[PDB]
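> piece number one of the complex, untouched:
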Amino acid sequence: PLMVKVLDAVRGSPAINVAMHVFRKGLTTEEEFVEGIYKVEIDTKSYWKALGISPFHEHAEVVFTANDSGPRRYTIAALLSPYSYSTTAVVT
Amino acid sequence: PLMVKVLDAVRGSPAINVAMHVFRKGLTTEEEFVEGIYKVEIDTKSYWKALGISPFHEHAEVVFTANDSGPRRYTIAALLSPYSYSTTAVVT
Amino acid sequence: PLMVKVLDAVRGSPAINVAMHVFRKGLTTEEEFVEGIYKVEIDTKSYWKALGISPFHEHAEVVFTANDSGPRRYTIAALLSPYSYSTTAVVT
Amino acid sequence: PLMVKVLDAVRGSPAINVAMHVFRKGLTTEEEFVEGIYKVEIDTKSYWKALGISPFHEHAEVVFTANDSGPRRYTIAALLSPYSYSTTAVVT
Amino acid sequence: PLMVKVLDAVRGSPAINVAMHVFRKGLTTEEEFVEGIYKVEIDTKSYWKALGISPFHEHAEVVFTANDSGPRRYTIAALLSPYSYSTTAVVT
Amino acid sequence: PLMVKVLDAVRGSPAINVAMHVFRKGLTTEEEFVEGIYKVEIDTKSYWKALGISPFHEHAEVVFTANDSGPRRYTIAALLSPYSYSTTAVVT
């Protein structure tokens, strides 16, 4: 007799971010990547990746180089932040 | 007797972001990538990726180079943020 | 006796972003990419990707180079953010 | 006895983005790409991609080069953001 | 006894974006690409792609070069954002 | 006789971030990456990764170099912080 009641009545003007779910029940490589409900990626970097069985097995000569420079100003505000009657401002 | 009641009545002007889902139930490589409900990717980078069984198996000579520069100003506001009666501003 | 009631009555002028779904019940390579409900990709980059069984198996000589420069100003506001009675402004 | 009731009555002028779906039930390569409901891609880039069984198997000599420059100003507002009675403005 | 009731009555002038679906139940390469419901791609780029079984199998010498420059100003507003009684403006 | 009642009635204008989910029930490599409900990644970096059985097994000569410079000013505010009647400001 499952039952879920969220936010059954709302008099007013909220700022809601609702997420949910109700559940009721030889050689091989694999990359499973299952994502979620909310996500905010900014400037994500995944430079190098070698995935599998026996990569670079013999005599592999790998030269990696990742120089990072440059003034990266992330002036951020109100991420995943539902607001009400509020004043979000970004100035420069 | 499953039952889900979300936001059954809303008097007013809310800023909602609803997401849900109710459930009731030889050699091989594989890349499964199943996505979610909400997503905001900005400047995501995945430079290099070797996926499979035995890549670069023998004598692989890999030279990688990722120089990153340049002033990247991310002046961001109100991501995944449903707002009400509010004032979001970005100035420069 | 499954039952879902979302937002059954709405007196007013909201800003809603609803997403849902109710469910009731030899050599080989594969790239499955199943997407979701919402998505906002901006300047996404996937430079290099070698996917499969035994790529670059022998004597592979790979020279990679990714220089990144240039002032990329992302002046962003109100992504996936349904708003009501509000004032979103971007100025330069 | 499945049943879904979303937004059964709406007195007013809302800005809704509804998406749903109710469910009730030798050598080989494959690229399945199933898309979803909503999507907003801007300046997406997928430079290089080698997909299959044994690409570049022998003596492969690959020289990659991706220089990125140039001031790319993304002045964006109100993506996937149904708004009501609001004022969205972009100035330069 | 499936049943779906969305937006059964609407007194007013809403800006709706409704999408739904209800469902009730030797060598080989393949590229399946099944698309979604609402979509907005802008400046999407997929420069290179080699898909199949054993491409570039032997002695493949591949020289890639992607220089990107030029000030690309994306001044965007109201994507997938049904609005009501609102004022969307873009100035330069 | 499961039962969940969250936020059953809301008189007022709250700034809520709700997330929930109720549950009721030879050689091999694998990378499972299942994501959560909320996430805000900014400037995440995963430079190098070698995942699988016996990578770099013999005589592997790997030279890594990651120089990091450049004044990165992250001037951030109100991440995953739903606020009400408030004033969030970022100035430079």
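Done, it's in. Numbering: from 1, shown residues only, chains lettered A, B, ... in the order given.
> Report the beta-bridge partners for residue A:11.
In this entry, residue A:11 is beta-bridged to residue B:11, residue F:11, by DSSP bridges.
> Based on its surroundings, how many neighbours for it?
For residue A:11, the tally of surrounding residues (other Cβ atoms under 10 Å in any protein chain shown) stands at 16. All C-beta atoms are positioned from the backbone trio N, CA, C, and that covers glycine.
> Spell out which residues sit in contact with it, please.
B:11-12, F:9-12 (Cβ atoms under 8 Å, 6 or more residues apart in numbering or on different chains).
> how about stretch A:82-92, does it reach chain B?
Yes - where contact is defined by Cβ under 8 Å from any Cβ of the partner chain, part of stretch A:82-92 touches chain B, namely A:82-92.
> Just the closest of the contacts of residue A:11 to residue A:65, please.
Using Cβ to Cβ, residue F:10 comes nearest to residue A:65 of the contacts of residue A:11, at 54.5 Å.
> doesn't residue A:8 make contact with that closest one?
No - no contact is recorded between residue F:10 and residue A:8 when judged using Cβ atoms under 8 Å, the distance being 9.1 Å.
> all strands for chain A, in order.
Along chain A, the segments classed as strands by DSSP state E run A:4-6, A:9-11, A:15-19, A:31-34, A:40-42, A:50-51, A:61-63, A:74-79, A:87-90.
> how about the last one, does it reach chain D?
No - Strand A:87-90 does not reach chain D (Cβ under 8 Å from any Cβ); its nearest approach is 12.6 Å.
> add chain G to the structure above, sequence below:
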Amino acid sequence: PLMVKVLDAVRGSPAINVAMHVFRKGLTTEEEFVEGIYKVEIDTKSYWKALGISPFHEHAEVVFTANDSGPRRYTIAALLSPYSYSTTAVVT
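Take a look at chain G, now in place beside the chains above:
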């Protein structure tokens, strides 16, 4: 006879971040990475990682170098901090 009642009635304007979930019940490598409910990663770095069985097994000569410099000013405020009637300000 499970039962959960959170925030059953809210008269007022609260900034709450409610995240909950009720539960009621040969060679091999594996990387499981299951994520949680909330997360805010900023400038996370995972430079080098070599998970697997017998990586670098013989004669591996690895030279690593990670120089870190550059004045990174993280001027941050109000992370995962839902506030009400407050005043969050960042100035430079």
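> same question on the neighbour count of residue A:11, but with chain G included?
Taking other Cβ under 10 Å as the neighbour definition, residue A:11 ends up with a count of 17.
> Spell out which residues of chain A are next to chain G.
Counting by Cβ under 8 Å from any Cβ, the residues of chain A lying close to chain G are A:12, A:36, A:69, A:81, A:83-85.
> Looking at these, which two lie furthest apart in space?
Distances among the residues of chain A next to chain G were taken as Cβ to Cβ; the most separated pair is A:12 and A:69, at 49.0 Å.
> For chain A, identify the residue most remote from the centre.
Seen from the C-alpha centroid of chain A, the residue lying at the greatest distance (Cα atoms, centre = their mean) is residue A:59, 36.7 Å away.
> wouldn't it be in contact with residue B:56 here?
No - with the criterion set as Cβ under 8 Å, residue A:59 and residue B:56 do not qualify as a contacting pair; they are 10.2 Å apart.
> Tell me how far the residue most central in space within chain A lies from residue B:36.
With distances taken as Cα atoms, centre = their mean, residue A:39 lies nearest the centre of chain A, 3.7 Å away. Taken as Cβ to Cβ, to the nearest Å, the spacing of residue A:39 relative to residue B:36 amounts to 7 Å.
> and for those two, which residues touch both?
When contacts are counted by Cβ under 8 Å, 6+ apart, residue A:39 and residue B:36 have residue F:35 as shared neighbours.
> got the residues of chain A near chain C?
So chain A meets chain C at A:13, A:35, A:70, A:82 (Cβ under 8 Å from any Cβ).
> Chain H comes next; put it on the structure above:
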Amino acid sequence: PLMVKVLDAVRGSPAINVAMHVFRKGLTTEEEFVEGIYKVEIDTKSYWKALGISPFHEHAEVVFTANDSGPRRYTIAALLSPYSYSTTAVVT
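Next up, chain H placed on what we already have:
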């Protein structure tokens, strides 16, 4: 006052093999082959020869195969052997 006197007088019937000589005094490839005085080549073989600057410079894939069989009976006698009053015989 050079002077050479060979075999100045010969009373008799000699079998002579006389040979003499008295002497008194950018990119480029070259094969000089100056021969001498006497020579008896039999079944000489020079199967393969790549002569020059940078032959087979790149990706050259050369498959060579020289099977040698067959009963080659060289029943030889009196090569470069001037005889006198003698009896040379070859029988089978």
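> What about the neighbour count of residue A:11 again, now that chain H is present?
Neighbours of residue A:11 under the rule other Cβ under 10 Å: 17.
> again, but for residue A:37
Residue A:37 is surrounded by 28 other residues when neighbours are defined as other Cβ under 10 Å.
> cool, and residue A:62?
Counted by other Cβ under 10 Å, the residues lying close to residue A:62 total 23.
> In this structure it contacts residue B:59, no?
No - in this structure, residue A:62 sits apart from residue B:59 without contact. The criterion is Cβ under 8 Å, and the distance is 11.7 Å.
> Tell me the span between the first and last residue of stretch A:15-25.
Counting by Cα to Cα, to the nearest Å, you get 33 Å between the two ends of stretch A:15-25.
> ok, now stretch A:16-26?
The first and final residues of stretch A:16-26 sit 49 Å from each other (Cα to Cα).
> gap between the nearest residue to residue A:69 once chain neighbours are set aside and residue A:67?
Counting by Cβ to Cβ, 6 or more residues apart in numbering or on different chains, residue F:70 is the residue found nearest to residue A:69 once chain neighbours are left out, at 3.9 Å. From residue F:70 over to residue A:67 the distance is 10 Å, taken as Cβ to Cβ.
> Same question for residue A:58.
29 Å.
> cool, and residue A:17?
Taking Cβ to Cβ as the measure, residue A:17 falls 38 Å from residue A:67.
> Looking at these two now, which is surrounded by more residues?
Between residue A:17 and residue A:67, counted using other Cβ under 10 Å, the more crowded position is residue A:17 (31 against 18).
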